[PDB]
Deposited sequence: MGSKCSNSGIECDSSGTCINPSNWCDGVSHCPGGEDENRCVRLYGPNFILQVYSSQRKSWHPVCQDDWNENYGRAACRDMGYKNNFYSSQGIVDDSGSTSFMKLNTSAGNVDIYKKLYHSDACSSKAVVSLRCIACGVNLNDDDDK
């Protein structure tokens, strides 16, 4: 069971329906992983985070992912890269779906061989390199 704030069933965490009184179970469903900003989404059925495939991903999907992470209209870059996060299961877009985290389905491979790297803001850059 997962807690909202101080308990629900992990199958009702990141499932598309607000079950916690404060919505904590549906507002932290998208995250960036590693120094390469691997886009990951939480699978309720697997109680784990999984990378998003670059298959059929566009800028507008990233801006949706950027909005779900709290970055509002801030969007910087979204490219397809090799998955360095050691994951074995991924999340693939539907394209016939109608929410960003519920617009993906589980997949054990990506047709592009790439996962989404998503940068919502241009940060972390100083005068040197």
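Engineer: Report the unmodelled segments of the deposited sequence as residue ranges counted from 1.
Structural biologist: Residues lacking C-alpha coordinates: 1 to 8, 15 to 17, 110 to 111, 143 to 146.
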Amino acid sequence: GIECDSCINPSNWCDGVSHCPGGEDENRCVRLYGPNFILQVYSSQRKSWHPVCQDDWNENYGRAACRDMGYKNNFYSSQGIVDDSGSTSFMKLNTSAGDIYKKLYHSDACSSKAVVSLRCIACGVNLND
From here on, numbers count along this sequence of modelled residues.
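For the two forms, the rigid core is made up of the largest set of C-alpha atoms that agree within 1.5 Å on superposition.
Engineer: Give, as the answer, the stretch of 83 to 91 and 32 to 40 that departs more from the shown form in 5 other deposited structures of this protein; the measure is RMS Cα distance after a core fit.
Structural biologist: When 83 to 91 and 32 to 40 are compared in 5 other deposited structures of this protein, 83 to 91 lies farther out.
Engineer: Among the other entries that model both neighbours of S6, does it go unmodelled in a third or more?
Structural biologist: It is, since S6 is left out of at least a third of the other entries that model both flanking stretches.
Engineer: Quick check on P51: across the other compared entries (only those modelling residues on both sides), is it unmodelled in a third or more?
Structural biologist: Other entries vs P51: none skip it.
Engineer: I need to verify one thing: averaged over C-alpha atoms only, is the B-factor higher for 82 to 90 or for 32 to 40?
Structural biologist: Stretch with the greater average CA B-factor: 82 to 90.
Engineer: On mean C-alpha B-factor from the PDB entry, just flag whether 99 to 107 or 55 to 63 is the higher one.
Structural biologist: Higher mean C-alpha B-factor: 99 to 107.
Engineer: Of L118, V17, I121, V115, which one's C-alpha B factor is largest in the deposited record?
Structural biologist: The C-alpha B-factor peaks, among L118, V17, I121, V115, at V17.
Engineer: Mind checking which third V125 falls in for C-alpha B-factor across the chain?
Structural biologist: Its C-alpha B-factor, which the entry lists for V125, ranks in the lowest third among residues of this chain.
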